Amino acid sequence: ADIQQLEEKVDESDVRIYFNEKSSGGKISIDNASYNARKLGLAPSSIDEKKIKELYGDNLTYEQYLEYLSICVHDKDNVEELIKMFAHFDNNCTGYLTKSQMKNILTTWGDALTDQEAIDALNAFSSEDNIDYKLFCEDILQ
């Protein structure tokens, strides 16, 4: 993570405008900071949120928000690692998991999605029930 690197990757004008959209008393909540990060095309995890919250609390100044954004960049993100995570659950090595299987994975471990969140994401990705998880991982990284 690095602030200079962040500011070459995303437009600081957007960073500022999004902060102003959500700020109260010159500070932004972690949840709204994560929303903004997502609008900027970044993907914070719960570990990122907890890092910044434990340093600065629930509401971030503009600079603290920039720091939090820098943590969200995740330049080491790698599609192969994501695919191999799903491949682990692919008991028959078919390249497919059903929507129900995917839902169970996504709602049971890690930074669990709600049932509705997982269902909606899977239906948004595919009309068909069998999900090619390689294609799914490639899609979410974009």
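Rigid core: the largest C-alpha set superposing within 1.5 Å between the two forms. Numbers follow the displayed sequence, beginning with 1.
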Do the Cα atoms of 76-84 stray more than those of 57-65 in 6 other deposited structures of this protein, or is it the other way round, with the core held fixed?
76-84
Superposing the other structures by the rigid core, the farther-displaced stretch by RMS over CA atoms in 6 other deposited structures of this protein, of 40-48 and 85-93, is 85-93
Going by the entry, of stretches 30-38 and 95-103 the one with greater average Cα B-factor is 95-103
Which has the higher mean CA temperature factor in the PDB entry, 49-57 or 85-93?
85-93
Given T108, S70, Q64, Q116, identify the residue with the highest C-alpha B factor in the PDB entry.
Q116
Chain third (lowest, middle, highest) by recorded CA B-factor, residue given as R16:
middle
Lowest, middle or highest third - CA B-factor, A43
lowest
